[PDB]
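S.K.: Dumping the structure here so I can ask a few things about it.
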Amino acid sequence: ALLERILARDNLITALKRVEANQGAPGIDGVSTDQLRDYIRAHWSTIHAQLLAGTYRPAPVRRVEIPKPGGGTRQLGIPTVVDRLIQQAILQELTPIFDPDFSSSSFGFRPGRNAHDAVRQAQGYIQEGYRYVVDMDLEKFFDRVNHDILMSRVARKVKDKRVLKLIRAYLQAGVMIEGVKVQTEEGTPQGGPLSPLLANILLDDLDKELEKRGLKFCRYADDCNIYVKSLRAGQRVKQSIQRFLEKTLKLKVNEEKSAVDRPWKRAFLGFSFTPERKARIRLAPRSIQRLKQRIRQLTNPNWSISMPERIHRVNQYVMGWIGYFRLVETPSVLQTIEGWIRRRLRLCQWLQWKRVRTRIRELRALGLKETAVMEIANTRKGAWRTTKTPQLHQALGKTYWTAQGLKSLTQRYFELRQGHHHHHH
DNA sequence: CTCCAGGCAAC
RNA sequence: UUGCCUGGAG
RNA sequence: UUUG
Ligand SMILES: Nc1ncnc2c1ncn2[C@H]1C[C@H](O)[C@@H](COP(=O)(O)OP(=O)(O)OP(=O)(O)O)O1
Ligand SMILES: [Mg+2]
C-alpha cells in the first residue's frame, strides 16, 4: 500500500537528491547532507525493516533560534538528515492524495501555485468592488498545530494505518535542548519537510467553511485574507471565523498581524495596492526597506572586495529580487530605486580613490573635462553629498555602470513582464 | 520533462 | 515547503 | 551558522 509506495527505490532516491540539494545543516546526530548518501547505504536494510516493522522511532528535531523580519525569534525544527529524507518520501506520495481536493483559493505550500496567483486573485476582489479586506495571521502557527485534530484530518483519506502511526511518531518525536528530549504536545516541526502539507490539511476545513459561507478569499499558509464590500461585513466575519478556527481547529489568532483595514495600507505577500478604483500592485514599504538595507552593504560601507565582484553580487541579487517583484504595476518607483542603487554604488567607487591625486587621474581618464575634474576633487562636502553632485553623475552615470557590467533593474522588469503575460493570455 | 551548480522571493 | 530566474548535463 |  501507501507505505510500500513510500519505501519504493525511485521514491527514495528522488527524496534523497532533494535533501542533498537543499544542503540543510545537520540534525541532532550531526550527520550532514554530504554524508547522507554514504550513511543510508550502510543502514537502509535496518531503517527500511524497523519502520516496515512499525518499530522505527525517528530522532527528535534540533532547536535553533533565528530572528524573523518582524523581530520575533522563530523556533526552527531541524530533523535528522534521514528523518528529512523519510518525511520527503512521505510528502512526495501524500501530495497527490491531498492536493487535488485542496481549495482553488489555497496558494501556500502547493505545487504549481505561487504568491503571484494569490495577489492576482486578490487584486480581482478589490477590482470587482470588494474594496475592504479582512487580513489574518495565526500566532506561532506551526508550533500550535493540534496533534489530534490534525491526524483526524489526515486519517480521513489515508486508510493505511502504518503511515498514520509513522506520521504521529514524527509529530510526537521530542526536541533536544542542552541534551534532553522535551515532549512535543503541540505543533509540527518548523522546517520538517512534511509539515507544510500537514499545515494545509488542517486549514482545508477553514477553506471549506469559508467556501460554504460563499466568501471571496485568498489563503497563503496561515496568512489568510477574505475580501468583503464593507467594513461592517468585514468586522462581522472577523469574529465569526476567529470563533470557528478557535473552536473547530483550536488555534489562536495574531491580532497584531490580523486587521480589517483597507487593502492598500496593508501588506499581502510583500506587495501592497494603490487607492485607485483599478487597484495597481505596488511594493510594500517593508519590501522596499529590505532591498535598500541589502543594497547599502552590497555597496561598500568599509567592505574590501573587487569592484567587478561587487557589481556581480549587486546584480545577481537585484536580478533575482525583481524576478519575484515583477508583479508590481508601478515602474516609476523601480526607476527611482535603480538610480538610488547607482548613487549608492558611486559612494563605494568614490571612497576607493583615497588620494586627491588618484581622483584627478581617473576622472580625466573617464573623459570628464579638466575644469570639472579639479572642482569636485577638492570638495569639502561629505562622501554621500559628493555622490549626488553634477560632476559624479556625468563621469559615473547610467552609461558608465551599464558599460561596467551593471544589469538594469527596470530593463529586466519589462523583459520579464512582456514575454510572460504574452503566454498566460 | 528529469537532475546538477547557483540565485531570488513568499511563508 | 513552494514559485520563479541564470548557468550546465542528458 | 539558519530548517522546511
Ligand atoms: N523560514 C521558514 N522555515 C520554515 N517554516 C517557515 C519559515 N518561515 C515561515 N514558516 C512557516 C512556519 C510558520 O509558523 C508559518 C507562518 O509564518 P509566520 O506567521 O510568519 O510565523 P509564525 O506564525 O510561526 O509566527 P507569528 O506568530 O509571528 O505569525 O510559516
Ligand atoms: Mg503566523
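Residue numbers start at 1 in each chain; chains themselves are named A, B, ... in the order of the C-alpha cells; ligands are numbered from 1 in the order shown.
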Show me, as a PDB file with N, CA and C atoms, in the first residue's frame, every residue of chain A with an atom at most 6 Å from chain C, counting only C-alpha atoms (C1' of nucleotides).

M.R.:
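Heads up, here's the output in selection_25.pdb:
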```
ATOM      1  N   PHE A 109       2.320  26.739  -0.125  1.00  0.00           N
ATOM      2  CA  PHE A 109       2.967  25.406   0.007  1.00  0.00           C
ATOM      3  C   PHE A 109       2.345  24.342  -0.913  1.00  0.00           C
ATOM      4  N   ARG A 110       1.743  24.758  -2.022  1.00  0.00           N
ATOM      5  CA  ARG A 110       1.153  23.832  -3.020  1.00  0.00           C
ATOM      6  C   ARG A 110       1.917  23.925  -4.336  1.00  0.00           C
ATOM      7  N   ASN A 114       1.833  29.883  -6.826  1.00  0.00           N
ATOM      8  CA  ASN A 114       2.828  30.829  -6.265  1.00  0.00           C
ATOM      9  C   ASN A 114       2.118  32.013  -5.602  1.00  0.00           C
ATOM     10  N   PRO A 196       4.673  21.497   6.067  1.00  0.00           N
ATOM     11  CA  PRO A 196       3.861  22.371   5.223  1.00  0.00           C
ATOM     12  C   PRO A 196       2.639  21.720   4.551  1.00  0.00           C
TER      13      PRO A 196
END
```

S.K.: Could you work out which residues of chain B fall inside 9 Å of chain A? Count only C-alpha atoms (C1' of nucleotides), and format the result as a ChimeraX atom specification.

M.R.: /B:3-4,7-11

S.K.: Neighbours of ligand 2 within 7 Å, counting only C-alpha atoms (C1' of nucleotides) and all ligand atoms, as a PyMOL selection string?

M.R.: chain A and resi 137-141+222-223+254

S.K.: Go ahead and save the residues from that selection, with N, CA and C atoms, as an mmCIF file, in the first residue's frame.

M.R.:
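As a result, again.cif now contains:
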```
data_model
loop_
_atom_site.group_PDB
_atom_site.id
_atom_site.type_symbol
_atom_site.label_atom_id
_atom_site.label_comp_id
_atom_site.auth_asym_id
_atom_site.auth_seq_id
_atom_site.Cartn_x
_atom_site.Cartn_y
_atom_site.Cartn_z
ATOM 1 N N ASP A 137 -3.682 36.296 10.280
ATOM 2 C CA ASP A 137 -2.447 35.524 10.558
ATOM 3 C C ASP A 137 -2.597 34.829 11.916
ATOM 4 N N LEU A 138 -2.064 33.625 12.044
ATOM 5 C CA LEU A 138 -2.158 32.860 13.304
ATOM 6 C C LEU A 138 -0.863 33.003 14.110
ATOM 7 N N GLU A 139 -0.999 33.013 15.438
ATOM 8 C CA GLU A 139 0.148 33.102 16.379
ATOM 9 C C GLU A 139 0.917 31.776 16.354
ATOM 10 N N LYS A 140 2.198 31.821 15.982
ATOM 11 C CA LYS A 140 3.121 30.660 16.047
ATOM 12 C C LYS A 140 2.426 29.425 15.461
ATOM 13 N N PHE A 141 1.962 29.562 14.220
ATOM 14 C CA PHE A 141 1.029 28.622 13.542
ATOM 15 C C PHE A 141 1.530 27.171 13.593
ATOM 16 N N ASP A 222 -0.765 30.306 6.750
ATOM 17 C CA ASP A 222 -1.615 30.874 7.829
ATOM 18 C C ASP A 222 -2.115 32.244 7.397
ATOM 19 N N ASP A 223 -1.305 32.964 6.621
ATOM 20 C CA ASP A 223 -1.662 34.325 6.180
ATOM 21 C C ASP A 223 -2.833 34.076 5.249
ATOM 22 N N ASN A 254 -3.270 35.949 15.523
ATOM 23 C CA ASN A 254 -2.258 37.013 15.743
ATOM 24 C C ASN A 254 -2.909 38.365 15.459
#
```

S.K.: Can you list, as a ChimeraX atom specification, every residue of range 347-379 of chain A that DSSP puts in helix (DSSP H, G or I)?

M.R.: /A:347-352,356-366,370-377

S.K.: Can you tell me, as number ranges by chain, what residues are no more than 12 Å from residue 4 in chain A when counting only C-alpha atoms (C1' of nucleotides), ignoring any on the same chain fewer than 2 positions away?

M.R.: A: 1-2, 6-12, 48-49, 51-53, 89-90, 93, 160, 162-163

S.K.: Figure out the distance between CA of residue 193 in chain A and CA of residue 252 in chain A, please, to one decimal in Å.

M.R.: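 Between CA of residue 252 in chain A and CA of residue 193 in chain A the gap works out to 23.7 Å.
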
S.K.: Check which residues of chain A sit at most 10 Å from chain D using only C-alpha atoms (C1' of nucleotides), and return one row each with the closest pair of atoms and their distance in Å to one decimal, ordered by chain and rising number, as CSV.

M.R.:
```
residue,atom,partner,partner_atom,distance
A:22,CA,D:4,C1',9.5
A:24,CA,D:3,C1',6.8
A:25,CA,D:3,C1',7.5
A:26,CA,D:3,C1',9.4
A:27,CA,D:3,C1',9.5
A:61,CA,D:3,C1',9.8
A:62,CA,D:3,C1',9.3
A:63,CA,D:3,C1',9.6
A:64,CA,D:2,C1',7.4
A:65,CA,D:2,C1',8.2
A:66,CA,D:2,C1',6.3
A:67,CA,D:2,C1',9.3
A:75,CA,D:3,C1',9.6
A:76,CA,D:3,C1',5.9
A:77,CA,D:3,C1',6.1
A:78,CA,D:3,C1',5.1
A:79,CA,D:3,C1',8.1
A:84,CA,D:4,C1',9.2
A:189,CA,D:4,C1',8.7
A:190,CA,D:4,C1',6.4
A:191,CA,D:4,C1',3.1
A:192,CA,D:4,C1',5.2
A:193,CA,D:4,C1',5.1
A:194,CA,D:4,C1',8.2
A:195,CA,D:4,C1',7.7
A:196,CA,D:4,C1',7.7
```
